[PDB]
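Nothing in this text is a laboratory measurement; each read-out follows from the coordinates by a stated rule. Counting neighbours? That spans all protein chains shown, and the Cβs are built from the backbone with ideal geometry, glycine included.
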Amino acid sequence: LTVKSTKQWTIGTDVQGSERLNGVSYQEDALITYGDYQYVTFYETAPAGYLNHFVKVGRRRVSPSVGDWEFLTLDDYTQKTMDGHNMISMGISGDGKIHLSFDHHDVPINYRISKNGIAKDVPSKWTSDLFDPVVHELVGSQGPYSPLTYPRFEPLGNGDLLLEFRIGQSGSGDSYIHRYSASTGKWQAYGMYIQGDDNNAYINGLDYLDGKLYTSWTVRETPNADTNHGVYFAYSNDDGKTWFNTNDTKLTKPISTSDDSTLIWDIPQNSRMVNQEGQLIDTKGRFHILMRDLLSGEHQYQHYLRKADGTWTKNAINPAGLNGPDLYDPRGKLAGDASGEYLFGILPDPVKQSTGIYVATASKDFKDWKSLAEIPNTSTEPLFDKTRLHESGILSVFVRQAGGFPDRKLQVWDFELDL
Ligand SMILES: *[C@@H]1O[C@H](CO)[C@@H](O[C@@H]2O[C@H](CO)[C@@H](O[C@@H]3O[C@H](CO)[C@@H](O)[C@H](O[C@H]4O[C@H](CO)[C@@H](O)[C@H](O)[C@@H]4O)[C@@H]3O)[C@H](O)[C@H]2NC(C)=O)[C@H](O)[C@H]1NC(C)=O
Ligand SMILES: C[C@@H]1O[C@@H](O)[C@H](O)[C@H](O)[C@H]1O
Ligand code: NA
């Protein structure tokens, strides 16, 4: 496997402040291909300047030829909170509507939707008036909508879309799922699906494939990030309503963080393992988790693999040149190609201030990690486009540069793979 071509685009100037608002690990998602177009969302500085931002949404054509990015500015909602939690997630439903949820740290939901199915019936003109106002509920569904952190979208197989988030706080919180029907345009509540017990679960993402929804998490006791413990897993065969552990044992609804039956790896507190890193269902149905810890004696990225024979394995990702991250360093992701043979570790390096793209193969039990490419000059939690990789064999990555405002840009890097 080799890179046929490498291209980059600067899509905006990052915002100024002591927190990272763009390129955050739990954006789900920031960069999405739907039909023939790719979409991206990020904050840019509003005319009021420092500590005033607007959400932007970019689009470009990617099939059958790649066209130029164009952007709209949502200049009716000013993001003002310098808190690295307050990121943006986007989702696109099978009616073509684009959904955005953003700007939360233990506050009520902030959500909006396109008026029409602009990703299906693609308008000529790309402007802000394609979006409805910001609302603080999900029409058709019910609360609680506060205190909300971590909106995550997952597109389902019938065009529907899940929206998942935590209600409560670090060290004491629960998570919920809501489902948007593409056929009716109404949301419905799936309710609480994981319940804390004077702690909170921190999921790594949502992964849906062929009618099954997968997630993994750690449990956090207190607002101190050293108090994470365990690596957990569950899946659902009904889009979030009911859940099973790794042994196909049905769980209680909601899943309790006290139920050890979802534990797949014992990781104590003070292991230097961070919440909300990376997960992946590959296209052959093997589940993968990216975490980190110091348990070997050195800080290293860790790959957890749920094998087909049922067994979990854990292997350090330690290819030559990769500096291992500590608790607070940027978080990575895992991506997969259409075949399921290739696993990509998209791993920010805290020494180099760059993002390494490493590849392992299913034939080698993913032990063969190798440096494939690098995105230089990043201070970001890199985020990729799942669909674009599956459909075209292009690994497309959204990144915040390193460096100082206003030199520090937002970019999309495309690695055309020789698949
Ligand atoms: C429900 O699922 C859980 C989670 O997967 C599962 O618990 C796991 O069971 C495995 C298999 O027993 C445990 O793995 C072993 O851990 C012990 C530590 O006491 C070691 O002895 C084992 O190492 C030997 O066996 C390995 C087999 O591959 C060899 O590679 C190794 O070199 C040794 O010979 C092995 O690692 C694992 O600890 C648990 N995990 C947890 C989190 O509890 C449980 O069994 C499932 N229950 C049912 C009813 O299916
Ligand atoms: C460790 C800490 O954990 C949560 O508060 C969020 O994931 C935040 O982004 C991360 O920095
Ligand atoms: Na607690």
* Asked: Within region 110-133, is there a residue that is in contact (Cβ under 8 Å) with a residue 40 or more places away in the chain, of a type outside the set (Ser, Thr, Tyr) and closer than 29 Å to residue 202 by Cα?
  -> no
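Return the residues of region 67-93 that are acidic (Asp, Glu) and not in a strand (DSSP E or B); say none if nothing qualifies.
Applying the first criterion (acidic (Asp, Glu)) to region 67-93 yields 68, 70, 75-76, 83.
Correct list: 68, 83.
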* Structure fact -> Over region 185-194, the set of residues farther than 16 Å from residue 150 by Cβ and either among the charged types (D, E, K, R) or within 16 Å of ligand 3 (Cβ to nearest atom) (or both) is 186
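Got a sec? Which of 95, 76 is within 21 Å of residue 164 (Cβ to Cβ) and acidic (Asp, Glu)?
Details: 76 fails: within 21 Å of residue 164 (Cβ to Cβ).
Exactly one of 95, 76 is within 21 Å of residue 164 (Cβ to Cβ) and acidic (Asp, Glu), namely 95.
Within region 336-345, can you find the residues that are assigned to a strand (DSSP E or B) and either free of Cβ contacts under 8 Å to residues at least 60 places away in the same chain or of a type in the set (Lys, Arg) (or both)? Lay out the reasoning, then the answer.
Step one: of region 336-345, the residues assigned to a strand (DSSP E or B) are 336, 342-345.
Passing the criteria: 336, 344, 345.
Can you tell me which of 335, 373 is more than 26 Å from residue 403 (Cα to Cα) and in contact with a strand residue (DSSP E or B) (Cβ under 6 Å, 6 or more places away or on another chain)? I'd like the intermediate steps shown before the answer.
Working: 373 fails: more than 26 Å from residue 403 (Cα to Cα).
None of the other options fit; the residue is 335.
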* Structure fact -> Condition set under 24 Å from residue 179 (Cβ atoms) and of a type in the set (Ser, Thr, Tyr), scope region 62-95, selection nearest to ligand 1 (Cβ to nearest atom): answer is 89
* Which of the residues spanning region 237-261 are assigned to a loop (DSSP other than H, G, I, E, B), free of Cβ contacts under 8 Å to residues at least 12 places away in the same chain and under 17 Å from residue 287 (Cα atoms)? -> 248
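Can you list the strands (runs of 3 or more DSSP E) lying wholly within region 186-231 that have 2 or more residues being within 16 Å of ligand 2 (Cβ to nearest atom)? Reasoning before the result, please.
On the way: elements: 187-195, 200-203, 207-209, 212-220.
By residue number, 200-203, 212-220.
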* Count of residues meeting criterion [buried (at least 21 other Cβ atoms within 10 Å of the Cβ) and either more than 16 Å from ligand 1 (Cβ to nearest atom) or among the acidic types (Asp, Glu) (or both)] in region 208-235 -> 2
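Give me the strands (runs of 3 or more DSSP E) completely within region 1-66, filtered to those with at least 3 residues that are of a type in the set (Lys, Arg) and in contact (Cβ under 8 Å) with a residue 12 or more places away in the chain, ordered by residue number.
Values: elements: 3-13, 31-34, 37-45, 53-61.
Here the list reads 53-61.
Let me confirm something: among 284, 314, 352, 333, which residue is more than 16 Å from ligand 3 (Cβ to nearest atom), basic (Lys, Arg) and free of Cβ contacts under 8 Å to residues at least 40 places away in the same chain? Show your work before the answer.
Details: 284 fails: free of Cβ contacts under 8 Å to residues at least 40 places away in the same chain; 314 fails: free of Cβ contacts under 8 Å to residues at least 40 places away in the same chain; 333 fails: free of Cβ contacts under 8 Å to residues at least 40 places away in the same chain.
Selected residue: 352, the only one of 284, 314, 352, 333 that is more than 16 Å from ligand 3 (Cβ to nearest atom), basic (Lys, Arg) and free of Cβ contacts under 8 Å to residues at least 40 places away in the same chain.
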* Residue by residue through region 237-256, note down the ones that are away from ligand 1 (no atom under 15 Å from the Cβ) and at negative phi. => 237, 238, 241, 242, 252, 253, 254, 256
